[PDB]
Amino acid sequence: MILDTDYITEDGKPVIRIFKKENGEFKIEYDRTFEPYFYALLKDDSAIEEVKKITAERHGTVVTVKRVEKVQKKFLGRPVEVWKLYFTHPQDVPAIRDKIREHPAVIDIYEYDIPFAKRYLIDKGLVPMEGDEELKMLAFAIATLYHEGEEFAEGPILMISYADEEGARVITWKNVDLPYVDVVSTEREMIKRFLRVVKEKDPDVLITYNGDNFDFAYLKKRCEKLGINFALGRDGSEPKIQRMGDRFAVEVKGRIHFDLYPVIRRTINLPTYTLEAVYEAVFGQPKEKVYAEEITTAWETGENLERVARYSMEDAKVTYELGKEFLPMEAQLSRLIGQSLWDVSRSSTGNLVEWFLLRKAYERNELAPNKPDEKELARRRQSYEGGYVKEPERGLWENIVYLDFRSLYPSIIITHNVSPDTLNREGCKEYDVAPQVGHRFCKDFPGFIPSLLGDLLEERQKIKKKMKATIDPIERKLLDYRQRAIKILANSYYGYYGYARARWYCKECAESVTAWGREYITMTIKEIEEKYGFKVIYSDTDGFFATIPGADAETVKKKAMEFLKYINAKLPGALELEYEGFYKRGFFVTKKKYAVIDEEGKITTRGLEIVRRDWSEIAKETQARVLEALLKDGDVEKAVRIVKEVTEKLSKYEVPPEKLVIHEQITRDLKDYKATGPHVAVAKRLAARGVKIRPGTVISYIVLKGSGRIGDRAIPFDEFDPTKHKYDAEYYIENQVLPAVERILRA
């Protein structure tokens, strides 16, 4: 399989490098014959002799058009000849493209901002991560000597650990007597020993956990202090530290640096994303956390270096086993998008959608539209109407079925051929008309994006079908992440229609999809109440909860399956209503907030404070206890005993102050806030101390006894000290616990 592509320049000329792994052998293929290009549409064919002569400049070297070639293509499905303008070097394209657009005989240019390495993969029809090839993988982690108030990486690395299928080992330059610790003389020898281990094991994948931001930058600083050529790349290069939006990412040429953190962060929802928490979340086994401050007094005193060597070895071991499980996911997503796993695992969703569309456009001989310029961008900032959300019939309900549409919006795009190249296209025999908003969509030929969503949905449903044939629970959970990731990707094609930066943008298409969605779900609700006598308890966009009031579980289930047959035979094309579960009891508080219990006593809760990252644990823990006493047992006297038992204790100061921490993210530069709530008030004070707040910083604070604004008496939970701070028992009772549990206990 192909791992990655890039290019280098030799004596002015690009050379594509393709990093392959075939038959257990690593190979670099070199391509010097593939040419960079973009396209120009001309007012007339005669003007090509002029456009051919346009020149630019690029660090003193004159940029010319190398050769041109006339090609027939489609733009939004409509045929058109354009001129493919070829250049000697990729960097010619940004140097000359504006001078070509500016030429009065040039109506427009296209595909002029496509990175050459990825251009190569698309035009060659090459897909990374294809084939039976078993990649060799190696995880690594580092233990560092930390002192608070020092510069980054001022202290040494104390241990480097790596793990793979042969096991886990720790390299260190302190005298640790353990069987997996290899002892060397200096920090420099330790790094050099790791470098040699990577060269000897020669892994295809290097796995870290946040190595994009920590491990590699630390290594780089130490190698700079120590005079070490950190030649981890298969071509002898050092790790290449690239900028990616607000943060960094690191590549190792010839291998795949799979940083697990961005992948895990986007597919599992957790309170904290410590390596320990993730490992517990995925496998169910506990992993211990030795702290950067237990580490530092252990190294200076000699004691408990073996416990640190064990925490370092565990870090590498779990990092490996995690990468073992998640690589198939990202290798499949990499195969579907047609780009490298390094890129696909790190990039925004819109960008994946678009790289997928550029490849399909190439395969179909469709010219790509350009990104919007700043004028068009400002024009695309109108919003539109979305899904329908019924106000729930509040309270407790028995024998509830949950019926839900299979991939609704993508199904609508497929069924009604909803796409920019079919919108109000004249001349067709057949049209579907969007309700409320009126846009017409031609049905005579598949639309570009409609013809792509079907293979995605098919892929997802096969994964779900295979989820049904496997007994292994961990393997079933990983299959669950994969099909959910495809669900999100397919739905992002719909959102992409409304995305101001999209090339194939189409706000008519996006509001047509939602309008069809409101039509289908509300027709389904009317159908199930009028023909079958159900009562729709609650509904959100494409599914609903319903019961036959007074009927037992068997009757509600049988009559629910009857309705599905009826409705699914009325529904056209790819629309399909699905049976998504039966619940013995349910409690619906407001829109988006409810909890149900299945016929096994497993509670599923949605939107309620229990699941929110920004409510205090004491509040979440109490509402969880109230809910469980409420839906499992029919014990209203138990729930009320729990809240009163928590009121006292908080008032008596008997509840641990760790359960009162509020976590809220900073999302912008602190100057740009217009409303200063408690998490901003704490963060602005940190900024005044030189703590360097940035978007993404989580404020973890606690509220102390007082009466002013809440931000006035909030401090970082760091600075909490029981000898000196009594917390605000009245705040945590009247503003955190009681509000949460009372909205439930109103019924």
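Only the largest set of C-alpha atoms that superpose within 1.5 Å between the two forms is called the rigid core. Quick note: we count residues from 1 along the sequence shown, nothing fancier.
Asks: Which of the two stretches, 231 to 239 or 344 to 352, moves more in 5 other deposited structures of this protein when the core is held fixed, judged by C-alpha RMS distance?
Replies: This comes out as 344 to 352, the stretch further from the shown form in 5 other deposited structures of this protein.
Asks: So if we fit everything on the core, which stretch drifts more in 5 other deposited structures of this protein, 114 to 122 or 472 to 480, C-alphas only?
Replies: Output: 472 to 480, the stretch lying farther off on average in 5 other deposited structures of this protein.
Asks: Output the stretch having the higher mean C-alpha B factor in the entry; the candidates are 336 to 344 and 287 to 295.
Replies: In the deposited entry, the stretch with the higher C-alpha B-factor mean is 287 to 295.
Asks: For the stretches 266 to 274 and 481 to 489, which has the higher mean C-alpha B-factor as given in the deposited record?
Replies: It is 266 to 274.
Asks: Which one, 29, 69, 712, 35, has the peak C-alpha temperature factor per the PDB entry?
Replies: Of 29, 69, 712, 35, 712 has the highest C-alpha B-factor.
Asks: In the PDB entry, which of 422, 237, 304, 436 has its C-alpha at the highest B-factor?
Replies: So the option with the highest C-alpha B-factor is 304.
Asks: Give the position of residue 155 by CA B-factor within its chain, expressed as the lowest, middle or highest third.
Replies: Middle third of the chain for residue 155's C-alpha B-factor.
Asks: Sorting by Cα B-factor within the chain, modelled residues only, which third would residue 383 end up in: lowest, middle or highest?
Replies: As the PDB entry reports it, the C-alpha B-factor of residue 383 lands in the middle third of its chain.
Asks: Ranking the modelled residues of this chain by C-alpha B-factor as given in the entry, is residue 243 in the lowest, middle or highest third?
Replies: Residue 243: CA B-factor falls in the highest third of its chain.
Asks: How does residue 40 rank on Cα B-factor within its chain, lowest, middle or highest third?
Replies: According to the entry, residue 40 has a C-alpha B-factor in the chain's lowest third.
Asks: What third of its chain's C-alpha B-factors does residue 615 belong to: lowest, middle or highest?
Replies: Middle third - that is where residue 615 ends up once the chain's C-alpha B-factors are sorted.
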